[PDB]
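Read through the structure below, which is laid out as structure tokens, and then see the notes.
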Amino acid sequence: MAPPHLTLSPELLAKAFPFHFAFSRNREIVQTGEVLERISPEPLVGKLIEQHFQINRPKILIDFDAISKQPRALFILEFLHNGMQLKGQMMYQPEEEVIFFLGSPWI
Amino acid sequence: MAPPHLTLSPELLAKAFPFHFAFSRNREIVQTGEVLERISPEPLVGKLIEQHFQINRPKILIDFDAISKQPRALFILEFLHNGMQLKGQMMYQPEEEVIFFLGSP
């Protein structure tokens, strides 16, 4: 092996993806990008995803295993507070047991 | 502060961005995404960036410091080999002292 060995630090990930979020099996939001938390009226970290987002595409329930069994799908999410739509990938991180939504507003 | 504490592992990053690469101050490529190594006639890691890519936008030289100074600019890089074009962001990471190009066609 010559494995990849570099990644973005959590800080750079939050700058590069200011609308990302990550959530755990319990559906709790555990991290957000800088802009997304700034524009939310309520703190998002510690809250359940479905109090704050709806999944527009694909036509599935907001369920951790359902999402994790679809790594190649392009997700479309709606931020419930202002109806802004975010688009991007849902990537499962097994070691930590979280999914990152790496999303940005689509236009 | 309530800083972010989680990030994608190196392996997850290569899957999420299969056309990415990172390079160091000496301009040698230190990692690439999966697909990028697959469509490249020769191994990229350990090679100098300017032997494989050119910058189409913005109009700057291919040096680490100039690139580091365009944090918000959209980069369009051309794979010298097939002429394929990669568009994305250049992000400088102070601790490992690398720049990740997170782009795709």
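In the structure tokens, the first chain shown is A, the next is B, and so on; residue numbers restart at 1 for each chain, and ligands run from 1 in the order shown.
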Can you list every residue of chain B that has an atom at most 9 Å from chain A, with its nearest atom pair and the distance in Å to one decimal, using only C-alpha atoms, ordered by chain then number, as JSON lines?
```
{"residue": "B:3", "atom": "CA", "partner": "A:11", "partner_atom": "CA", "distance": 7.2}
{"residue": "B:4", "atom": "CA", "partner": "A:10", "partner_atom": "CA", "distance": 5.5}
{"residue": "B:5", "atom": "CA", "partner": "A:10", "partner_atom": "CA", "distance": 5.5}
{"residue": "B:6", "atom": "CA", "partner": "A:10", "partner_atom": "CA", "distance": 5.3}
{"residue": "B:7", "atom": "CA", "partner": "A:10", "partner_atom": "CA", "distance": 4.9}
{"residue": "B:8", "atom": "CA", "partner": "A:7", "partner_atom": "CA", "distance": 6.8}
{"residue": "B:9", "atom": "CA", "partner": "A:7", "partner_atom": "CA", "distance": 6.3}
{"residue": "B:10", "atom": "CA", "partner": "A:7", "partner_atom": "CA", "distance": 4.9}
{"residue": "B:11", "atom": "CA", "partner": "A:4", "partner_atom": "CA", "distance": 6.0}
{"residue": "B:12", "atom": "CA", "partner": "A:93", "partner_atom": "CA", "distance": 7.3}
{"residue": "B:13", "atom": "CA", "partner": "A:7", "partner_atom": "CA", "distance": 6.8}
{"residue": "B:14", "atom": "CA", "partner": "A:4", "partner_atom": "CA", "distance": 7.4}
{"residue": "B:15", "atom": "CA", "partner": "A:91", "partner_atom": "CA", "distance": 8.9}
{"residue": "B:16", "atom": "CA", "partner": "A:91", "partner_atom": "CA", "distance": 7.1}
{"residue": "B:22", "atom": "CA", "partner": "A:6", "partner_atom": "CA", "distance": 8.1}
{"residue": "B:30", "atom": "CA", "partner": "A:6", "partner_atom": "CA", "distance": 8.6}
{"residue": "B:31", "atom": "CA", "partner": "A:4", "partner_atom": "CA", "distance": 6.1}
{"residue": "B:32", "atom": "CA", "partner": "A:4", "partner_atom": "CA", "distance": 7.7}
{"residue": "B:33", "atom": "CA", "partner": "A:4", "partner_atom": "CA", "distance": 8.3}
{"residue": "B:89", "atom": "CA", "partner": "A:16", "partner_atom": "CA", "distance": 8.2}
{"residue": "B:91", "atom": "CA", "partner": "A:16", "partner_atom": "CA", "distance": 7.5}
{"residue": "B:92", "atom": "CA", "partner": "A:12", "partner_atom": "CA", "distance": 8.2}
{"residue": "B:93", "atom": "CA", "partner": "A:8", "partner_atom": "CA", "distance": 7.0}
{"residue": "B:95", "atom": "CA", "partner": "A:9", "partner_atom": "CA", "distance": 8.9}
{"residue": "B:96", "atom": "CA", "partner": "A:6", "partner_atom": "CA", "distance": 8.1}
{"residue": "B:98", "atom": "CA", "partner": "A:6", "partner_atom": "CA", "distance": 8.9}
{"residue": "B:100", "atom": "CA", "partner": "A:8", "partner_atom": "CA", "distance": 8.0}
```
With N, CA and C atoms retained, write the just-selected residues as a CSV table (one decimal), in the first residue's frame.
```csv
chain,number,residue,atom,x,y,z
B,3,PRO,N,-14.9,25.2,18.3
B,3,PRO,CA,-14.3,24.8,17.0
B,3,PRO,C,-14.9,23.5,16.5
B,4,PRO,N,-14.8,23.3,15.2
B,4,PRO,CA,-15.2,22.0,14.7
B,4,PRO,C,-14.1,20.9,15.1
B,5,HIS,N,-14.6,19.7,15.3
B,5,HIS,CA,-13.6,18.7,15.8
B,5,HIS,C,-13.5,17.4,14.9
B,6,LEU,N,-14.3,17.3,13.9
B,6,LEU,CA,-14.4,16.1,13.0
B,6,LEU,C,-14.1,16.5,11.6
B,7,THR,N,-13.4,15.5,10.9
B,7,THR,CA,-13.1,15.7,9.5
B,7,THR,C,-13.1,14.4,8.8
B,8,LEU,N,-13.1,14.4,7.5
B,8,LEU,CA,-13.1,13.1,6.7
B,8,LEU,C,-11.7,12.5,6.9
B,9,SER,N,-11.6,11.2,7.1
B,9,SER,CA,-10.3,10.5,7.0
B,9,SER,C,-9.7,10.6,5.6
B,10,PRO,N,-8.4,10.6,5.4
B,10,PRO,CA,-7.8,10.6,4.1
B,10,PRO,C,-8.4,9.7,3.1
B,11,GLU,N,-8.8,8.5,3.5
B,11,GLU,CA,-9.5,7.5,2.7
B,11,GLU,C,-10.8,8.0,2.2
B,12,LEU,N,-11.6,8.6,3.1
B,12,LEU,CA,-12.9,9.1,2.7
B,12,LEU,C,-12.8,10.3,1.8
B,13,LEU,N,-11.8,11.1,1.9
B,13,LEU,CA,-11.6,12.2,1.1
B,13,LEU,C,-11.3,11.8,-0.4
B,14,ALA,N,-10.5,10.8,-0.5
B,14,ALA,CA,-10.2,10.3,-1.8
B,14,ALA,C,-11.4,9.7,-2.5
B,15,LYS,N,-12.3,9.2,-1.8
B,15,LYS,CA,-13.6,8.7,-2.3
B,15,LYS,C,-14.6,9.9,-2.6
B,16,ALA,N,-14.7,10.8,-1.7
B,16,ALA,CA,-15.6,12.0,-1.8
B,16,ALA,C,-15.1,12.9,-3.0
B,22,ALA,N,-3.2,16.8,-3.6
B,22,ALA,CA,-2.5,17.7,-2.7
B,22,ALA,C,-1.1,17.8,-3.1
B,30,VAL,N,1.7,15.0,-3.5
B,30,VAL,CA,1.8,14.1,-2.4
B,30,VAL,C,0.6,13.1,-2.3
B,31,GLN,N,-0.6,13.4,-2.7
B,31,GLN,CA,-1.6,12.5,-2.9
B,31,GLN,C,-2.6,12.9,-4.0
B,32,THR,N,-3.4,12.0,-4.5
B,32,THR,CA,-4.4,12.2,-5.5
B,32,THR,C,-5.6,11.4,-5.1
B,33,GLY,N,-6.8,11.7,-5.7
B,33,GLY,CA,-8.0,10.9,-5.5
B,33,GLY,C,-7.9,9.7,-6.4
B,89,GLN,N,-11.5,24.5,-6.0
B,89,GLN,CA,-10.9,25.4,-5.0
B,89,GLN,C,-9.5,24.9,-4.6
B,91,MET,N,-7.1,25.0,-1.4
B,91,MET,CA,-7.1,25.2,0.1
B,91,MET,C,-5.8,24.9,0.8
B,92,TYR,N,-5.3,25.9,1.4
B,92,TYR,CA,-4.0,25.8,2.0
B,92,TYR,C,-4.2,25.3,3.5
B,93,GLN,N,-3.4,24.3,3.8
B,93,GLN,CA,-3.4,23.7,5.2
B,93,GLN,C,-2.1,23.9,5.8
B,95,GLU,N,-0.6,23.2,8.8
B,95,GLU,CA,0.2,22.3,9.6
B,95,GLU,C,1.0,21.3,8.8
B,96,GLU,N,0.4,20.6,7.9
B,96,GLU,CA,1.1,19.7,7.0
B,96,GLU,C,1.8,20.5,5.8
B,98,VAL,N,0.5,21.8,3.0
B,98,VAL,CA,0.1,21.4,1.7
B,98,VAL,C,-1.1,22.3,1.3
B,100,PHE,N,-4.6,21.5,-0.9
B,100,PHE,CA,-5.5,20.6,-1.6
B,100,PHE,C,-6.2,21.3,-2.7
```
Please list as a compact mmCIF listing (two decimals) with N, CA, C and O atoms, in the first residue's frame every residue within 12 Å of residue 81 of chain A, counting only C-alpha atoms and excluding residues in the same chain fewer than 5 positions away.
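Result file follows (part_29.txt):
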```
# COMPACT_ATOMS: atom_id res chain seq x y z
N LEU A 36 -23.66 27.98 8.02
CA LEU A 36 -24.87 27.28 8.44
C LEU A 36 -25.29 27.52 9.92
O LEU A 36 -26.46 27.79 10.17
N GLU A 37 -24.37 27.43 10.87
CA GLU A 37 -24.75 27.72 12.26
C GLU A 37 -25.01 29.21 12.50
O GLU A 37 -25.90 29.57 13.29
N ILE A 39 -26.43 31.34 10.44
CA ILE A 39 -27.75 31.75 9.93
C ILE A 39 -28.96 31.05 10.57
O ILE A 39 -30.10 31.47 10.41
N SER A 40 -28.70 29.96 11.27
CA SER A 40 -29.75 29.28 12.01
C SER A 40 -30.14 30.15 13.21
O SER A 40 -29.25 30.69 13.88
N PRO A 41 -31.45 30.33 13.46
CA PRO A 41 -31.93 30.95 14.71
C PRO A 41 -31.58 30.14 15.94
O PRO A 41 -31.12 30.71 16.93
N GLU A 42 -31.79 28.83 15.87
CA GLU A 42 -31.43 27.94 16.97
C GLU A 42 -30.07 27.31 16.74
O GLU A 42 -29.69 27.07 15.58
N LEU A 44 -27.65 24.38 16.15
CA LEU A 44 -27.98 23.14 15.44
C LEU A 44 -27.33 21.91 16.09
O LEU A 44 -27.90 20.82 16.08
N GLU A 50 -33.97 16.06 11.65
CA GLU A 50 -35.27 16.27 11.01
C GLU A 50 -36.12 17.40 11.61
O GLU A 50 -37.19 17.72 11.09
N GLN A 51 -35.63 18.00 12.70
CA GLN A 51 -36.19 19.26 13.19
C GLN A 51 -35.66 20.43 12.37
O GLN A 51 -36.14 21.56 12.49
N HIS A 52 -34.64 20.17 11.55
CA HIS A 52 -34.00 21.24 10.82
C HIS A 52 -33.88 21.05 9.32
O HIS A 52 -33.79 22.03 8.61
N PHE A 53 -33.89 19.80 8.84
CA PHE A 53 -33.80 19.53 7.39
C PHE A 53 -34.86 18.59 6.91
O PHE A 53 -35.35 17.76 7.66
N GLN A 54 -35.20 18.71 5.64
CA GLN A 54 -36.02 17.75 4.93
C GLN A 54 -35.15 17.26 3.77
O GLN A 54 -34.35 18.04 3.25
```
Atom pair atom CA of residue 48 of chain A + atom CA of residue 29 of chain A, distance 6.1 Å
- Message: Taking only chain B into account, list the residues labelled strand (DSSP E or B) by DSSP (computed from the backbone), as JSON, numbers by chain.
- Response: {"B": [21, 22, 23, 24, 28, 29, 30, 31, 32, 48, 53, 54, 55, 56, 57, 75, 76, 77, 78, 79, 85, 86, 87, 88, 89, 90, 91, 92, 93, 98, 99, 100, 101, 102, 103, 104]}
Going by DSSP on the backbone, which residues of segment 50-90 of chain B come out as helix (DSSP H, G or I)? List them as a compact mmCIF listing (two decimals) with C-alpha atoms, in the first residue's frame.
```txt
# COMPACT_ATOMS: atom_id res chain seq x y z
CA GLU B 50 3.77 21.63 -13.66
CA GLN B 51 4.76 18.41 -15.44
CA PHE B 64 2.76 27.38 -4.06
CA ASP B 65 2.75 30.93 -2.60
CA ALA B 66 0.83 32.58 -5.48
CA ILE B 67 -1.78 29.80 -5.33
CA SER B 68 -1.91 30.18 -1.53
```
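Here atom CA of residue 28 of chain B is placed at a distance of 4.3 Å from atom CA of residue 48 of chain B.
Residue nearest residue 72 of chain B, chosen from B:84, B:90, B:57, B:41 and counting only C-alpha atoms: B:90.
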Which polymer residues have any atom within 10 Å of an atom of residue 55 of chain A, counting only C-alpha atoms, with same-chain residues fewer than 2 positions away left out, as a list in words?
->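 So, after excluding close chain neighbours, the residues are residues 50, 53, 57, 58, 59, 60, 61, 62, 75, 76, 77, 78, 79, 85 and 86 of chain A.
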Those residues you just picked out, can you put them in a file as a CSV table (one decimal), in the first residue's frame with N, CA, C and O atoms?
```
chain,number,residue,atom,x,y,z
A,50,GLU,N,-34.0,16.1,11.6
A,50,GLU,CA,-35.3,16.3,11.0
A,50,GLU,C,-36.1,17.4,11.6
A,50,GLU,O,-37.2,17.7,11.1
A,53,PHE,N,-33.9,19.8,8.8
A,53,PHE,CA,-33.8,19.5,7.4
A,53,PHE,C,-34.9,18.6,6.9
A,53,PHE,O,-35.4,17.8,7.7
A,57,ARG,N,-34.5,15.0,-2.5
A,57,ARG,CA,-34.0,13.9,-3.3
A,57,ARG,C,-32.8,13.2,-2.7
A,57,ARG,O,-31.9,13.9,-2.1
A,58,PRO,N,-32.7,11.9,-2.7
A,58,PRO,CA,-33.7,11.0,-3.3
A,58,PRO,C,-34.9,10.9,-2.4
A,58,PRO,O,-34.9,11.5,-1.3
A,59,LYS,N,-36.0,10.3,-2.8
A,59,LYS,CA,-37.3,10.3,-2.1
A,59,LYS,C,-37.3,9.3,-1.0
A,59,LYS,O,-38.1,8.3,-1.0
A,60,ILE,N,-36.4,9.5,0.0
A,60,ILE,CA,-36.3,8.6,1.1
A,60,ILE,C,-36.6,9.3,2.5
A,60,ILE,O,-36.6,10.6,2.5
A,61,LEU,N,-36.8,8.6,3.5
A,61,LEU,CA,-36.9,9.1,4.8
A,61,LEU,C,-35.5,9.5,5.3
A,61,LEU,O,-34.5,8.9,4.9
A,62,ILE,N,-35.5,10.5,6.2
A,62,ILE,CA,-34.3,10.9,6.9
A,62,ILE,C,-33.9,9.8,8.0
A,62,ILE,O,-34.3,10.0,9.2
A,75,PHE,N,-27.6,14.1,-2.9
A,75,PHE,CA,-28.7,14.5,-2.0
A,75,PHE,C,-29.1,16.0,-2.2
A,75,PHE,O,-28.2,16.8,-2.5
A,76,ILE,N,-30.4,16.2,-2.2
A,76,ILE,CA,-31.0,17.5,-2.1
A,76,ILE,C,-31.7,17.7,-0.8
A,76,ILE,O,-32.7,17.0,-0.6
A,77,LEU,N,-31.2,18.6,0.0
A,77,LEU,CA,-31.8,18.9,1.3
A,77,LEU,C,-32.4,20.3,1.3
A,77,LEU,O,-31.9,21.2,0.7
A,78,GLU,N,-33.5,20.4,2.1
A,78,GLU,CA,-34.1,21.7,2.4
A,78,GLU,C,-33.8,22.1,3.8
A,78,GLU,O,-34.1,21.3,4.7
A,79,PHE,N,-33.3,23.2,4.1
A,79,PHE,CA,-33.1,23.8,5.4
A,79,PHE,C,-34.4,24.4,5.8
A,79,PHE,O,-34.9,25.4,5.2
A,85,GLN,N,-32.3,25.4,-0.3
A,85,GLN,CA,-32.0,24.0,-0.7
A,85,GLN,C,-30.5,23.8,-0.7
A,85,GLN,O,-29.8,24.7,-1.3
A,86,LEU,N,-30.0,22.7,-0.2
A,86,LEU,CA,-28.6,22.4,-0.3
A,86,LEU,C,-28.4,21.2,-1.1
A,86,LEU,O,-29.2,20.3,-1.1
```
Review point. Which residue, B:39, B:29, B:77, B:86, has the smallest gap to residue 54 of chain B when you use only C-alpha atoms?
Key: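 Of B:39, B:29, B:77, B:86, the one nearest residue 54 of chain B, counting only C-alpha atoms, is B:77.
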Separating atom CA of residue 80 of chain B from atom CA of residue 102 of chain B, to the nearest tenth of an Å, is a gap of 17.9 Å
